Amino acid sequence: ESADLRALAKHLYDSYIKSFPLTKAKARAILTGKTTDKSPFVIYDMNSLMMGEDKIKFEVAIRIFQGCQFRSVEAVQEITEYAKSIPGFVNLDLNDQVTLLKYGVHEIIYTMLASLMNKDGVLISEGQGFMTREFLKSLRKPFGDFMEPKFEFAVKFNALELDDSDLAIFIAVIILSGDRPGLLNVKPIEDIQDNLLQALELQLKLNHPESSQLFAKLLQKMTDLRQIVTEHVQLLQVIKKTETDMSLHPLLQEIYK
Amino acid sequence: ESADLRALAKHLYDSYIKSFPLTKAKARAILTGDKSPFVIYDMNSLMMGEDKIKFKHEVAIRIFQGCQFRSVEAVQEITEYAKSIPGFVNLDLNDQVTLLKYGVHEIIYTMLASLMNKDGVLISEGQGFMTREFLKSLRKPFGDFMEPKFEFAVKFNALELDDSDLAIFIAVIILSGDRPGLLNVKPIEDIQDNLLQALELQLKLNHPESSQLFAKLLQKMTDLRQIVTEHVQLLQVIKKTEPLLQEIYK
Ligand SMILES: COc1ccc(C(=O)n2c(C)c(Cc3cccc(O[C@@H](C)C(=O)O)c3)c3cc(OC(F)(F)F)ccc32)cc1
Ligand SMILES: COc1ccc(C(=O)n2c(C)c(Cc3cccc(O[C@@H](C)C(=O)O)c3)c3cc(OC(F)(F)F)ccc32)cc1
Ligand SMILES: *c1ccc([N+](=O)[O-])cc1C(=O)Nc1ccccc1
Ligand SMILES: *c1ccc([N+](=O)[O-])cc1C(=O)Nc1ccccc1
């Protein structure tokens with residue numbers, strides 16, 4: 001019945017606002033550059049980077065790498081917080097809860113990071129700054145293509161023009177995957193996701209009526225997601241061996257078996 | 001006026017049923033009157049108890065954590081129930097969070113009393129009953145965690161409140177306008193001065209010869225907040241004992 005599926009889309013959109021302070025709605029306000037309320041300092045080269053550290057709160061390529069690292073730790077927390085509010089999730093076997101978070105987090109991060117990107121760069125520092133795609137594309141040996149495949153996915157994914165109320169149901173679907181390695185009761189995860197997909201389906205049809213087969217389009221973006229996850233993971237084990245003086249966070253480490 | 005407060009009351013009761021599966025009427029039945037739950041009185045019964053019971057997970061650590069998982073489910077039950085309170089969803093979303101952040105513990109200890117008698121607590125959604133003694137008997141850090149919760153339950157249950165009393169009572173807790181960092185207390189206390197009006201009528205209709213039960217219930221709000229502070233400082237102590245799992249129980 002639609003009334004329950006609509007109700008679920010409201011509940012989900014409500015914690016999503018409550019759990020992620022940097023929404024696509026606020027990111028596109030900033031990114032459109034029409035609003036003078038608070039336009040971002042642009043970091044486009046090494047020099048404006050050093051100028052950036054004066055009026056913006058946050059070698060070079062390393063401290064930026066460790067930057068994403070800290071914001072990833074922080075996103076895992078927000079995603080974790082959002083997960084709890086998905087009906088039925090905290091009722092699952094704790095081992096399955098932990099397993100849905102081990103795998104769903106990366107895919108939600110890049111999904112949410114898309115909100116903060118356009119073809120030319122990414123809002124950094126809670127939107128205070130804008131860091132350029134080509135400046136990120138030009139950092140030292142291995143760092144220069146940490147972020148470029150996230151740009152590619154975002155350009156492709158942002159083409160769907162989802163707003164936050166669609167992303168809310170969709171990132172819930174990502175969390176509730178019954179096909180994650182090592183799950184103990186796949187079936188109750190599948191029952192929740194069944195319902196989330198139902199909610200997402202009516203939501204996509206209502207929020208984007210003329211945009212036909214958006215659901216099918218979106219579901220198929222989760223191929224690009226698992227791909228981007230895997231490039232990042234192996235591209236991370238080079239840096240483990242490139243720089244043994246640089247340290248992965250315990251929390252993110254446990255999300256990388 | 002009277003019959004709106006009664007409409008408000010039965011709204012809350014009806015909604016509290018949906019949101020809280022094990023109710024005090026349900027609980028009280030198991031504790032004294034078939035469908036009796038497995039009892040954990042010592043170490044021996046516990047190891048057999050996990051074997052036969054349906055639970056998601058050192059012993060004192062395991063019981064402590066089991067209390068954290070239930071806690072997190074309660075937060076979801078209370079959160080789902082809070083959204084049914086007239087006017088709640090329309091408050092500033094920042095204030096909804098603040099009310100829930102602080103009100104959540106006081107609701108948990110209120111509803112935990114429903115599952116407690118002087119001898120122990122109904123556990124495992126009522127499928128078990130863990131004796132109060134066996135929780136006393138836990139290690140110095142863990143053995144005084146749930147004793148004050150029992151102490152409160154004994155006093156609170158002496159009020160002999162039912163689920164329809166508790167429906168309105170727990171709403172009142174959530175719409176407390178003295179929680180730190182509220183941006184717009186006016187509506188919060190407009191809803192509370194409404195919930196209290198209906199709790200007044202409800203108690204007087206349903207406990208007509210229990211004079212000043214309303215006053216007595218509101219003073220028990222004092223004891224709720226002192227238990228929250230007791231429990232908080234107790235976690236201070238045990239934070240001196242020991243990652244994704246930790247991120248869930250923050
Ligand atoms: C899952 O939800 C979120 C997704 C992204 C963000 C976010 O602010 N990020 C930004 C702007 C970034 C981009 C960025 C670039 C340089 C420094 C950064 O750190 C600080 C200065 C910041 O800008 O937040 C951040 C980001 C990167 C991340 O790691 C990655 F996904 F790439 F593996 C994770 C989150 C990131 C926050 C929550
Ligand atoms: C709507 O509010 C509540 C919802 C559930 C419960 C509940 O079942 N609890 C029980 C039986 C308990 C007692 C208990 C003891 C040992 C193990 C427990 O975990 C399992 C058995 C369970 O989830 O019931 C639970 C409990 C404890 C809690 O944390 C505390 F408040 F004490 F800090 C919170 C909820 C608890 C109590 C109030
Ligand atoms: C973020 C911004 C820039 C770079 N870089 O120039 O290499 C890298 C990252 C990034 O994704 N860092 C990271 C490391 C470990 C775990 C999560 C994120
Ligand atoms: C529940 C049962 C037993 C113990 N113990 O013996 O230490 C503790 C608890 C408990 O309430 N744990 C808890 C921790 C943090 C937040 C809520 C509940």
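Quick note on labels: first sequence line is chain A, next is B, and so on, each numbered from 1.
Note on ring orientation: taking the six-membered ring where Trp is involved, the planes of A/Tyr110 and A/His232 are tilted (angle from 30° to 60°).
Of all the heavy atoms in B/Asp95 and B/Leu183, the pair that sits closest is OD1-N, 2.8 Å. Smallest separation of non-hydrogen atoms from B/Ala27 and B/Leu122: O-CD1, 3.7 Å. Counting all heavy atoms, side chain and backbone alike, B/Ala153 lies closest to B/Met116 at CB-SD, 3.7 Å. Here the closest heavy-atom approach between residue A/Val238 and residue A/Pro142 is recorded as CG2-CB, 4.5 Å. The two residues A/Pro181 and A/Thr99 come nearest to each other via the heavy atoms O-CG2, 3.2 Å. Of all heavy-atom pairs spanning A/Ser85 and A/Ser15, the tightest one is OG-OG, 2.7 Å.
Salt bridge status for A/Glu107 with A/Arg226: present, with a side-chain N to carboxylate O gap under 4.0 Å. The pair A/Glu201-A/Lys205 meets the salt-bridge criterion, with a side-chain N (NZ, NE, NH1 or NH2) lying under 4.0 Å from an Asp/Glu carboxylate O. Ion pairing between a basic and an acidic side chain is recognised when a charged N comes within 4.0 Å of a carboxylate O; B/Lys83 and A/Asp14 show such pairing. Ion pairing of B/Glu125 with B/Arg70 is present here, as a side-chain N (NZ or NE/NH1/NH2) and a carboxylate O approach within less than 4.0 Å. A salt bridge does not link B/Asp162 to B/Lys24: none of the charged nitrogens lies less than 4.0 Å from a carboxylate oxygen.
Within a 6.0 Å radius of CD in B/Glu58, more than 12 heavy atoms belonging to other residues, nucleotides or ligands are found. Enclosure of atom NZ in A/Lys217 is not indicated, since only 12 or fewer non-hydrogen atoms of other residues, nucleotides or ligands lie within 6.0 angstrom. The number of heavy atoms from other shown groups lying within 6.0 Å of CZ (A/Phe58) is above 12. Counting heavy-atom neighbours within 6.0 Å of A/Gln253 CD, excluding the residue itself, gives a total above 12. Within a 6.0 Å radius of CD in A/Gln237, more than 12 heavy atoms belonging to other residues, nucleotides or ligands are found. Surrounding CD of A/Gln69 are more than 12 heavy atoms belonging to other residues, nucleotides or ligands, all under 6.0 Å away. Within a 6.0 Å sphere centred on CD of A/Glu134, heavy atoms belonging to other residues, nucleotides or ligands number 12 at most. Open room surrounds CD on A/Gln227; 12 or fewer heavy atoms of other groups in view lie less than 6.0 Å from it.
Outside the 6.0 Å centre-distance limit, the rings of B/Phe129 and B/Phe38 are not counted as a close aromatic pair.
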message: Does B/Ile170 form a side-chain contact (heavy atoms from CB on, under 4.5 Å) with B/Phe20? I'd like the steps, not just the answer.
response: CA-CA 12 Å; B/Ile170 59 175; B/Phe20 308 105; 3.8 Å; yes
- prompt: Checking side-chain contact (heavy atoms from CB on, under 4.5 Å) for the pair A/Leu200/A/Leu204: CA distance, chi angles, key distance, verdict?
  reply: CA-CA 6 Å; A/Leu200 183 56; A/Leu204 282 171; 3.8 Å; yes
- request: Would you please test B/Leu235 and B/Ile238 for side-chain contact (heavy atoms from CB on, under 4.5 Å) and show each step?
  value: CA-CA 5 Å; B/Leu235 286 159; B/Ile238 68 101; 3.8 Å; yes
message: Could you walk me through whether B/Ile191 and B/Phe88 satisfy the side-chain contact (heavy atoms from CB on, under 4.5 Å) test, starting with their C-alpha distance in whole Å, then the side-chain angles of each, then the deciding distance to 0.1 Å, before giving a yes or no?
response: CA-CA 8 Å; B/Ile191 303 157; B/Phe88 184 82; 5.6 Å; no
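A donor-acceptor contact shorter than 3.5 Å links the side chain of B/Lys149 to the backbone of B/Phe145. Checking side-chain atoms of A/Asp4 against main-chain N and O of A/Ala7 turns up no donor-acceptor pair under 3.5 Å. Panel note: side chain A/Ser211, backbone A/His208; no donor-acceptor pair is recorded below 3.5 Å. Between the side chain of A/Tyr82 and the backbone N or O of A/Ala168, at least one donor-acceptor pair lies under 3.5 Å. Put simply, the side chain of A/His249 never gets that close to the backbone of A/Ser72: no donor and acceptor are under 3.5 Å apart. In terms of modelled atom types and a separation under 3.5 Å, the side chain of A/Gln97 and the main chain of A/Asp93 share no donor-acceptor contact. Judged by distance alone, the side chain of A/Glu190 and the main-chain N or O of A/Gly178 form no donor-acceptor pair under 3.5 Å.
Here the options are A/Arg133, A/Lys137, A/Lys119, the test is salt bridge (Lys or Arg N to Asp or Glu O under 4.0 Å), and the partner is A/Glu148; only A/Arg133 passes.
Going from atom NE2 of A/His106 over to atom CG of A/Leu101 covers 12.5 Å, rounded to the nearest 0.5 Å. With rounding to the nearest 0.5 angstrom, the CD1 atom of B/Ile17 is 5.5 Å from the CG atom of B/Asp163. With rounding to the nearest 0.5 Å, the separation of OG in B/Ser45 from NZ in B/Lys52 is 11.0 Å. To the nearest 0.5 Å, atoms CE (B/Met111) and CD1 (B/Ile78) are separated by 7.0 Å. The distance from atom CD1 of B/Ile108 to atom CD1 of B/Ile173, rounded to the nearest 0.5 Å, is 11.5 Å. Summarising the geometry, atom CG belonging to A/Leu92 is positioned 8.0 Å from atom CG belonging to A/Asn185; distances are rounded to the nearest 0.5 Å.
Side-chain atoms of A/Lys221 and A/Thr111, non-hydrogen and from C-beta on, never get closer than 4.5 Å to each other. The shortest distance between side-chain heavy atoms of B/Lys35 and B/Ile30 does not fall below 4.5 Å. Side-chain contact check for B/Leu112 versus B/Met146: some heavy-atom pair is nearer than 4.5 Å. Counting only heavy atoms from C-beta outward, the side chains of B/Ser114 and B/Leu166 approach each other to under 4.5 Å. You'll find the side chain of A/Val105 stays beyond 4.5 Å of the side chain of A/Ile108, heavy atoms only. Residues A/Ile124 and A/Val122 form a side-chain contact, since some pair of their non-hydrogen atoms from C-beta on lies under 4.5 Å apart. Taking the side chain as every heavy atom from C-beta outward, B/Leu46 and B/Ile63 approach each other to under 4.5 Å. Contact check for A/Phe151 versus A/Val155: no side-chain heavy atoms found under the 4.5 Å cut-off.
With no hydrogens or angles considered, a side-chain donor-acceptor pair links A/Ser165 and A/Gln203 at under 3.5 Å. No hydrogens or angles considered: a donor-acceptor pair under 3.5 Å links the side chains of A/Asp166 and A/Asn207.
Stacking of A/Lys18 on the aromatic ring of A/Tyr16 is not recorded, the 6.0 Å distance cut-off and the 45° axial limit not both being met.
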